[PDB]
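Shown next as structure tokens: one chain only, the form deposited in one PDB entry.
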């Protein structure tokens, strides 16, 4: 793999640890990185390392490189997990990212159904992710795998968009159309992406709506009781998920707006941020309190 000193990290200063993610297969691990922080030379930092699975194909590697390059290019944002470095020379490919001590969003929410979640907290999570995606979209890049499992939570409860394994740079085409193959998160995909294989910022918006649903159901699984294979027919029929109990009517309509059948009629992340900010501010300044 090509060299890139800027992000290269000394393997010798990296020590792999335990696997991360209940539903993961062990290719993502915790790890100690000594000197990863330019400032602190001898200070060891707990990080997360992603590598190829035991028996990786040719494309597999190609997909991990892309994930890394995507992270390299988009730049820093408070609501996007940070790339810290990579070990690409004389050894297995390791992509080092900051460690989120509270796991993915789904595990995080399920554990607080232990400081329980309040309506305000749910709106806050949603607002933060809309900001992260607004930023990603402003870079003319699509994520393609927006879901609770791909959102991490820091020690201080900050929302971090992660796993850019399917992310694409659409700066020159304005829309990505795959002709290849591979497993895809169909229950999070917009109809046009599923049926026409067309992805855009608007298809990410659709996925954001599903994410909102996961957040308000506190880590629930989309289209409950519906085998993934049965979803295709339902979508062709215009099926849409019901409103989660913890969701206000206003937020449910926002959810349904994200699922508008016409891509261009769905709100933009810019609009979602503005509406979510209004809703967050009002809730923060008006919520009822237990005395």
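Here the rigid core means the biggest group of C-alpha atoms that line up within 1.5 Å when the two forms are laid on top of each other. Numbering follows the first chain given and starts at 1.
Unshown form deposited in another entry; subsequent notes refer to it.
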Checking residue 158 here: with the core superposed, does its CA move 2 Å or more between the shown form and the other one?
no
Verify the C-alpha shift of residue 171 between the shown form and the other one: is it 2 Å or more after superposing the core?
yes
Cα of residue 182 displaced 2 Å or more between the shown form and the other one, core superposed?
yes
Cα of residue 172 vs residue 163, shift of 3 Å or more in the other form, relative to this form: the pair sits closer
Knowing the shift is 3 Å or more, I'd like to know if the C-alpha atoms of residue 182 and residue 268 are closer or farther apart in the other form than in the shown chain.
closer
